[PDB]
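Structural overview
One-letter residues, chain by chain:
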Amino acid sequence: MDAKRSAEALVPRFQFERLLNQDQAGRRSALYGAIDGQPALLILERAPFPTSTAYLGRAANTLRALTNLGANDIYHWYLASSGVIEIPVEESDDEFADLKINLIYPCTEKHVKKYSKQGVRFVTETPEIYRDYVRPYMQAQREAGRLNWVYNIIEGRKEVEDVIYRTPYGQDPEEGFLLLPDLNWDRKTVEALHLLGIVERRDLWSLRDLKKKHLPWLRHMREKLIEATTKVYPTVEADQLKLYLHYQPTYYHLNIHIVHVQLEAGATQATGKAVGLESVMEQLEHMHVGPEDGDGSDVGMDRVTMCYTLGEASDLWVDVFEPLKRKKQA
Amino acid sequence: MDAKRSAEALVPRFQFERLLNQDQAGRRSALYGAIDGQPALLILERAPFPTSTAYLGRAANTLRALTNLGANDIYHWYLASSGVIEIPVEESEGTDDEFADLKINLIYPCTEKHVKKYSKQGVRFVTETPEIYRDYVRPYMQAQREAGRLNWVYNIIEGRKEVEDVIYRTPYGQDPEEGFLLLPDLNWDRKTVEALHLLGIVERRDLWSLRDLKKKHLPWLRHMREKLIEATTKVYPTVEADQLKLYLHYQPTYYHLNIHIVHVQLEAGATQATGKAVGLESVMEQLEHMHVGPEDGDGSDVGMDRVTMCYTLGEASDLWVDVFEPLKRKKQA
């Protein structure tokens, strides 16, 4: 393993310059620097704790340093440094690791931008702002071809082996769908289940397109997605799943997240990003039908004001909401 | 300093028995065991990385072990173990300290209450129709209030408790309808502005949860939204209005309306998750556009008690044990 030793030789040559970002409760730091006089990006992460009893049964008894910070009755808190614990013969001479390291070298300005801290803003999207600015932006993104990757999966030309369930392409153009594992799921831990329900029809760009006339479709899709998930993973019951939509979505083709209720909630589930599927259905169900609205078929989410988070490097913040904010402050 | 050394002697005597829970993306493990023949609960946490240049400028060059797992062009990924890095004199009160990679909490002797608190808990997603709210859940809320479970809230509202922890309030009694106070969330260190998490406890006592909100409350809601934001940005001048999110819990942990205020940069966890957190503006918009029927008059009493709400419950909670699990059991063949 010359390439393995070669890659290992890079890390001690890293010359730190500055911290780009620290996140994940402080347990991930993105460092910028240089190796051999060229830009280098080194990402430090605390590793998860081992579950081996060889580790858990020895961690408290092998510390290389331990400092009590305070105590109150039966409560005590400390800082400590891990000692060396060797991995037993039947699980590996290795020791248990406390760090994960990613090194991008040589890195570019694109990597610096990607891993630099990005501020977040909470914006207010009225029906007028959706009509005049956001919906035109969505259209341009789709016309530019940004959904090619989605369409390639829907049509069965990519990630065929990653799909865990689908209706065959073309068999059901209105209510067909496929289930894709989320990139961060190990596909083995059922209680961390996270699937993407990508619908086959192509005319719904986001929940903004949903109207009362889509309530039957929404009911059918909710049942079908839950039915398929609990069929593929039979130890999962219906009341152990949550279905939600993103707004703003990360891409402009309606897709329904399916997560196990036991999955640790992160940004993908947070208020200002995730909207429960049943919550959208109830808003359509009870939305007011005015005298000019006929039977109500076209009453829907494009009448609502939606408030949500955006990153400050996003197109929508830079081109729409920051300028609207500046124009209002003048 | 003797008590400091005494508490340090506890940790190496810990005898591991079993893992109670591992969460926070695997970086927190709650271990159950014994010390001196009595139950002990040891919680291991990965520490945040120092920002000190003395640490960051040496971490890559002092590793005590390093294994490359793979590489692809300019991408390389590894596992590693940290070496010893001493804290420089100008950053340490003591001498011969090294940067720490672990935080440890030891509860000893612990009880069954601590084991329950830190053990993994099953979760269920339930469907609360208006009928189930009427027949089962609202009576449960009422009994909780009648039992006195809100004594702690009222003690703070009335200025008998946590007077020193309130970061802002309207003086009690001055504004009975739109008065409020702001309390820091127990999990916030009260100094890191980008992790800000406040609880807005309203002065009025007749709103138990968002189920009580109706169209007639929309002016009150608009006013409270503004007032909570103005007060937060007044106390924390580096926070702008568009760097805050306001939300309600449903189910809430207690049955007196209270509005969470969080910095947009705060990392989202269970408290913000779908099935628990409901954005304040989302409730207001749901009330704004809700249908007013022919028997509803001017619509003033149309509100959230007409909606079906879906949310998560823990399997040890009263509502699961006494309401939703029995309803589920009776329905199943």
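Residues numbered from 1 in each chain as written, not as in the entry; some residues may be left out. Chains lettered and ligands numbered in written order. Heavy atoms only, no water. Residues with missing side-chain atoms left out of burial classes, pairs and counts.

**Looking at the sheet that holds strand β12 (residues 258–263) of chain B**
Residue and element names in this part refer to chain B. On the basis of which strands lie adjacent, the open sheet formed by 6 strands has the order β8-β9-β10-β12-β11-β13 and antiparallel pairing. This sheet does not close on itself; its edge strands, each paired only once, are β8 (168–169) and β13 (277–279). Pairing of β8 with strand β9 (residues 180–184) involves 2 bridges; the strand directions are antiparallel. Along β9, the bridge assignment pairs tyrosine 168 with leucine 182. Packing of helix α7 (residues 280–288) onto the sheet brings it into contact with β11 (244–249), β12 and β13, and relative to β13 it is tilted by some 60°. (Pairing = 2+ DSSP bridges. Helix = DSSP H or I, 4+ residues; strand = E, 2+ residues; numbered from the N terminus. Contact = heavy atoms within 4.5 Å. Axes fitted to C-alpha atoms, helices over the stretch in contact; angles between N-to-C directions.)

**Here we look at the sheet that holds strand β9 (residues 177–181) of chain A**
Residues and elements named next belong to chain A. In space, the 6 strands of this open sheet follow the order β8-β9-β10-β12-β11-β13, with antiparallel pairing throughout. In this open sheet, the two edge strands, each paired with only one partner strand, are β8 (165–166) and β13 (274–276). Pairing geometry for strand β10 (residues 194–199) and strand β12 (residues 255–260), over 5 bridges, is antiparallel. Within the sheet, the bridge partner assigned to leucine 196 lies in β12 and is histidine 257.

**Concerning the pattern of salt bridges**
Using the criterion set out here, one finds 53 salt bridges over all chains in the structure. A salt bridge links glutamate 240 of chain B to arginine 121 of chain A; its shortest N-O distance comes to 2.8 Å. Residue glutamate 240 of chain B is located in the loop between α6 (218–235) and β11, and its partner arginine 121 of chain A is located in strand β7 (residues 120–125); the two belong to separate chains. Under the relative-accessibility criterion, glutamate 240 of chain B is labelled partly exposed at 33%. Relative accessible area serves as the criterion here: at 11%, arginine 121 of chain A is assigned to the buried category. Here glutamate 288 of chain B and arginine 222 of chain B are joined by a salt bridge, their closest N and O atoms 2.6 Å apart. With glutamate 288 of chain B in helix α7 and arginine 222 of chain B in helix α6, this residue pair connects regions lying 66 residues apart in the sequence. (Salt bridge = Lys/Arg side-chain N within 4 Å of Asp/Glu carboxyl O. Buried < 20%, exposed > 50% of the residue type's maximum accessible area, 1.4 Å probe, protein only.)

**A word on a nonpolar patch on the surface**
Residues and elements named next belong to chain A. Among the surface-exposed residues, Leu69, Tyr75, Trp77 and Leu79 lie close enough to one another that they form a single nonpolar patch of about 330 Å² accessible area. Sort the elements by how many residues they give to the nonpolar patch and strand β5 (residues 75–81) lands first, with 3 residues. Inspection of the secondary structure puts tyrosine 75 in strand β5. (Patch = residues over 30% accessible without salt bridge, like charges linked within 9 Å, V, L, I, M, F, W, Y side chains within 5 Å. Areas by Shrake-Rupley, 256 points an atom, 1.4 Å probe, with all protein chains shown as cover.)

**Overview of the domain arrangement of chain A**
Domain boundaries in chain A define domain 1 (1–118) and domain 2 (119–330). The gap between the C-alpha centroids of domain 1 of chain A and domain 2 of chain A is 36 Å. (Domains from an automatic or database assignment.)

**Quick word on the interface of chain B and chain A**
Across the boundary between the two partners, chain B contributes 104 residues, which contact 106 residues of chain A. In terms of residue count, the dominant contributor to the side of chain B that touches chain A is strand β5 (residues 75–81) of chain B (7 residues). Class assignment for the residues of the side of chain B that touches chain A results in 52 nonpolar, 30 polar and 22 charged. Alignment of strand β6 (residues 99–104) of chain A against β5 of chain B, held across 6 bridges, turns out to be antiparallel. Each bridged residue has a counterpart across the sheet, and for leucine 99 of chain A the counterpart in β5 of chain B is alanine 80 of chain B. (Nonpolar A, V, L, I, M, F, W, Y, C, P; charged D, E, K, R; others polar.)

**Quick look at the environment of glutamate 98 of chain B**
If you trace the backbone, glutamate 98 of chain B turns up in the loop between β5 and β6 (102–107). Along the backbone, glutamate 98 of chain B and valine 84 of chain B are 14 residues apart, and their C-alpha atoms lie at a distance of 6.5 Å. In this structure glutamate 98 of chain B touches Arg64, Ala65 and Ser81 of chain A together with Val84, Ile85, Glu86 and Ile87 of chain B, once residues within four positions along its chain are discounted. Polar contacts involving the side chain of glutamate 98 of chain B include one to the side chain of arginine 64 of chain A, which spans 2.8 Å. (Polar contact = N/O pair within 3.5 Å; in protein donor to acceptor, adjacent residues only side chain to side chain.)

**A short note on the domain arrangement of chain B**
Interface size is commonly expressed as the accessible surface area that is lost when the partners come together. By domain assignment, chain B separates into domain 1 (1–121) and domain 2 (122–333). Inter-centroid distance (C-alpha atoms) of domain 1 of chain B to domain 2 of chain B is 36 Å.

**Structural notes on the packing of aromatic side chains**
All names here are of chain A. What the rule picks out here adds up to 16 aromatic pairs over all chains. Relative to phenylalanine 177, the ring of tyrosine 165 lies with its centre 5.7 Å away and its plane at 25°, an arrangement referred to as stacked. Placement of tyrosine 165 in strand β8 and of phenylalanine 177 in strand β9 is noted, with a sequence separation of 12 residues between them. Take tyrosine 165: its relative accessible area is 23%, and that puts it in the partly exposed class. (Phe/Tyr/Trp six-rings, centres within 6.5 Å; stacked < 30°, edge-to-face > 60°.)

**Considering the pairing of β9 of chain B**
All names here are of chain B. Across the 5 residues of β9, 5 count as buried, placing the element largely inside the fold. Neither face of β9 is open: one carries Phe180, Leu182 and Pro184, the other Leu181 and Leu183, and all of them are buried. Here β9 pairs with strand β10 (residues 197–202) via 5 bridges, running antiparallel. The partner of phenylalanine 180 across the bridge, within β10, is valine 202.

**As for the packing of α6 of chain B against α7 of chain B**
Residue and element names in this part refer to chain B. The contact between α6 and α7 brings their axes to 11 Å, and the two run at 160°. As the angle between them shows, α6 and α7 are arranged roughly antiparallel. By crossing handedness, the relation of α6 to α7 is classed as left-handed. Here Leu218, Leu221, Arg222 and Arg225 of α6 come into contact with α7, specifically with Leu280, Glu281, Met284, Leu287 and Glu288. A per-class count over the contact of α6 with α7 returns 5 nonpolar, no polar and 4 charged. (Parallel < 35°, antiparallel > 145°, perpendicular 65-115°, else oblique. Left-handed = near helix turned anticlockwise from the far one by under 90°.)

**Focus: unusual backbone geometry**
Residues and elements named next belong to chain A. Of note, the bond from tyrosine 105 into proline 106 is cis; its omega dihedral lies within 30 degrees of zero at -10°. Note on placement: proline 106 falls in the loop between β6 and α3 (109–115). A cis geometry characterises the amide bond from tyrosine 247 onward to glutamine 248, with omega recorded as -5°. On the secondary structure map, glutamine 248 appears in the loop between β11 (241–246) and β12. One non-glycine residue, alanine 25, adopts positive backbone phi at about 60°. For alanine 25, the position within the fold is in the loop between β1 (15–23) and β2 (28–35). Given the relative accessible area of 49%, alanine 25 is considered partly exposed.

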